[PDB]
Amino acid sequence: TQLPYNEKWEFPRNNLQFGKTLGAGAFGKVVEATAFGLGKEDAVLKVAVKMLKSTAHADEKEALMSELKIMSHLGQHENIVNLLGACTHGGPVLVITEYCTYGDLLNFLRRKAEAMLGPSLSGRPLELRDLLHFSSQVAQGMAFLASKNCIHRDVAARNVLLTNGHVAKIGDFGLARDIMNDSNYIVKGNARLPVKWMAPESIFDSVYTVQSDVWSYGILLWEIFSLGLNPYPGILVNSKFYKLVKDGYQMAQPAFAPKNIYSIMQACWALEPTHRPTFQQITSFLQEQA
Ligand SMILES: Cc1ccc(NC(=O)c2ccc(CN3CCN(C)CC3)cc2)cc1Nc1nccc(-c2cccnc2)n1
């Protein structure tokens, strides 16, 4: 965008020691690293570093810079993936963020479920309160983005990261996601879209607002209280699916959701955008439950 990059984030690329890859897309990837003398307190930290692959070209580079500019503009919040620094001089653009010990929320829930079933068939197990905290925290992060007039457009469990103390943060893999081979992204003409997460006005009118994010959050809520099931499971995205969503078809109550939380999901799925709850409403409600 036309936003400026502030060099207050500038970090020496030689002060990074790279480790394993945390995720990889077609033209970008995220790599774990250690930063030496990062931040006000000169900390020595494990961080995440987004960068372009050798396959990337000019457009991919302009996108990575825009993402960096946006993250600066956003500010910092406990429930988003915070920008820690950047390397824009003397080499490829490097974007440095917080490292989240437990990875994405979706995989975490799935592995946790398997580990809990283990004793019967094959750290501590999840309780309902953990799910409420996760949901509450993601809502706080989304409410923060909404207060900045910032539209996420891909709210989902795969884009939520869990850090120390199991605190959920909302992020965006962007170039570091392999959408080309991801079955959660459907080929809708020009682009590949997370259709099962999208609001009807987004699907049909290409309209993205804070409210269409609220819809997608409802789908996320479903993911959490089913412990990481695919939305609309078994249902092929086609003309019938599109028409169904448009006529108010909604998923059934997840196995682990209290009627309370499922009512919240349904509210998020109001066909009329302005009838859906705000992120601050969702936040206040969930905080009390948790
Ligand atoms: C390294 C990096 C660089 C950038 C980002 N970006 C964001 O987190 C983000 C969040 C919100 C926005 C807002 N944006 C507004 C416009 N719309 C269209 C998109 C959203 C942009 C970027 C995250 C990361 N971090 C990241 N990415 C993937 C995986 C991991 C990761 C994995 C495991 C452990 N620790 C970290 N970490």
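Under the entry's author numbering, residues 567 to 688, 747 to 914 are what the sequence shown spells out, in order. For each residue, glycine too, the CB sits at the ideal point set by N, CA and C.
So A614 and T663 are in contact, right, with Cβ under 8 Å, and what is the actual spacing, rounded? Contact flag correct, Cβ pair sits at about 5 Å.
I'd like to confirm something about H776: is its beta-carbon nearer than 6 Å to some heavy atom of ligand 1, or not? yes
Which residues bound the alpha helix (DSSP H) around residue 512? Summary: the structure shown does not reach residue 512, with the chain confined to residues 567 through 914, and so no result is reported for it.
Could you tell me how far apart the beta carbons of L785 and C653 are, in whole angstroms, since I believe they sit closer than 8 Å? No, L785 and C653 are not in contact; Cβ-Cβ is about 21 Å, not under 8 Å.
Using a threshold of 6 Å, is the CB atom of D796 nearer than that to any non-hydrogen atom of ligand 1? yes
For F865, report the span of its alpha helix (DSSP H) as first-last. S863 to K870
Pick helix, strand or coil for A815, following the three-state DSSP scheme. strand
Are the beta-carbon atoms belonging to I885 and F758 less than 7 Å from one another? no
Taking the alpha helix (DSSP H) that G765 belongs to, which residues open and close that run? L752 to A770
I'd like the list of long-range same chain contacts for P855, defined as Cβ closer than 8 Å, with 5 residues on each side in sequence excluded. Within the same chain, Cβ atoms closer than 8 Å to the Cβ of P855 are found at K820, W821, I843, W846, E847 and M875, the five residues on either side in sequence being excluded.
Under the three-state DSSP convention, the category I775 falls into: coil
So, under 8 Å CB-CB, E598 and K612 are touching, yes? Tell me the CB distance rounded to an integer number of Å. Indeed they touch by this definition, with Cβ atoms about 7 Å apart.
Where does the unbroken alpha helix (DSSP H) through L671 begin, and where does it stop? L671 to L683
Does the pairing of the region 768-783 with the region 833-840 give three or more beta-carbon distances under 8 Å? yes
Hey, how far is the Cα of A681 from the Cα of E751? 13 Å
Three-state secondary structure (DSSP) of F593: Looking at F593 - three-state DSSP - the assignment turns out to be coil, as it is neither helix nor strand.
Return yes when the C-beta of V659 is under 6 Å from any heavy atom of ligand 1, and no when it is not. Relative to the non-hydrogen atoms of ligand 1, the Cβ of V659 never comes closer than 6 Å to any of them.
Best match in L640, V661 and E912 for proximity to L769 [C-alpha to C-alpha]: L640
Burial state of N645 (16 or more Cβ within 10 Å): So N645 counts as buried.
Have a look at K883 and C892 and give me their C-alpha separation to the nearest angstrom. 14 Å
State the CB to CB distance for the pair residue 951 and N572, rounded to an integer number of angstroms; the pair is presumed to be in contact (CB under 8 Å). With the chain covering 567 to 914 only, the question about residue 951 has no answer from this structure.
Among the candidates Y866, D802 and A879, whose CA atom is the shortest distance from the CA of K619? It is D802.
If you count every other CB in all the chains shown that lies within 10 Å of the CB of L660, and 16 or more means buried, which is it? In summary, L660 is buried, with 16 or more beta-carbon neighbours lying within 10 Å of its beta-carbon over all protein chains present.
Where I794 sits in the DSSP three-state scheme: strand
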